[PDB]
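The chain that follows stands alone, in the form deposited in one PDB entry, written as structure tokens.
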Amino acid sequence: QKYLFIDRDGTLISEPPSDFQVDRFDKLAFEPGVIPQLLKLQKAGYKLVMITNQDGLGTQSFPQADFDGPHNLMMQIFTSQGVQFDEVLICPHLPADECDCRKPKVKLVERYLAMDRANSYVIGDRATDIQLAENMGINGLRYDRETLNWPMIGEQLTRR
């Protein structure tokens, strides 16, 4: 089974530069082409897993209720349009917590470590996403809106 492990903020949707928290609906914005391109990847046989660090989620620094609105709407868009994430894996911890689950640590994905390592990828916009790939023994794709965007990824990962 080929899997794509996909970061959320800065990858599926834009990342707010002030506080890195999508905690209001007016901060939710989809990255270009993510929907048709994930549908294309699924049609080529990829299954999808979301993985994300949501620093302080569920505490007063990032209330669960504030995260839920935009996140649940985002998920409603994906599901209604046919994009199905097998799991949504969330680390809610602060860096200072020194938790076992914060990417690029692999605790959240340990069950996958099971999959076709040659043809599975992490897709994310940060060096930590690329390090997650290395830690999982799979390939990493560094999402960039201009130079490695959703249409390019859709093409690259279906090349034969």
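In case it trips you up, residue 1 is the first one in the sequence shown, and so on.
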Answer yes if residue 18 is missing coordinates in at least a third of the other compared entries, and no if every one of them models it.
yes
I'd like to know whether residue 48, which is modelled here, goes unmodelled in a third or more of the other compared entries that cover its flanking residues.
no
I want to verify a possible break: how many residues of the deposited sequence sit between residue 113 and residue 114 without any coordinates (none, 1 to 3, 4 to 9, 10 or more)?
1 to 3
Using only C-alpha atoms and the B-factors in the entry, which stretch averages higher, 25-33 or 116-124?
116-124
Higher avg CA temperature factor (128-136 vs 35-43, as deposited) belongs to 128-136
Residue 18 - Cα temperature factor, lowest/middle/highest third of chain
middle
Considering every modelled residue of the chain and its Cα B-factor in the PDB entry, is residue 48 in the lowest, middle or highest third?
lowest
Against its chain's modelled residues, does residue 141's Cα B factor rank lowest, middle or highest third?
highest
Ranked against its chain, the third holding the CA B-factor of residue 91:
lowest
Among the modelled residues of its chain, does the C-alpha B-factor of residue 6 lie in the lowest, middle or highest third?
lowest
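This next part talks about the form solved in complex with a small molecule, which is not shown.
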To verify the annotation, which of these, 66, 97, 55, 31, has a non-hydrogen atom within 4.5 Å of the small molecule in the entry with it bound?
55
With the partner omitted here, the residue among 105, 126, 40, 27 that in the entry with it bound has a heavy atom within 4.5 Å of the small molecule is 126
May I ask you to check whether residue 19 falls inside a 4.5 Å heavy atom distance of the small molecule in the entry with it bound?
yes
Does at least one non-hydrogen atom of residue 62 fall within 4.5 angstroms of the small molecule in the entry with it bound?
yes
Of 116-124, 131-139, 45-53, 32-40, the segment with heavy atoms within 4.5 Å of the small molecule in the entry with it bound is residues 45-53
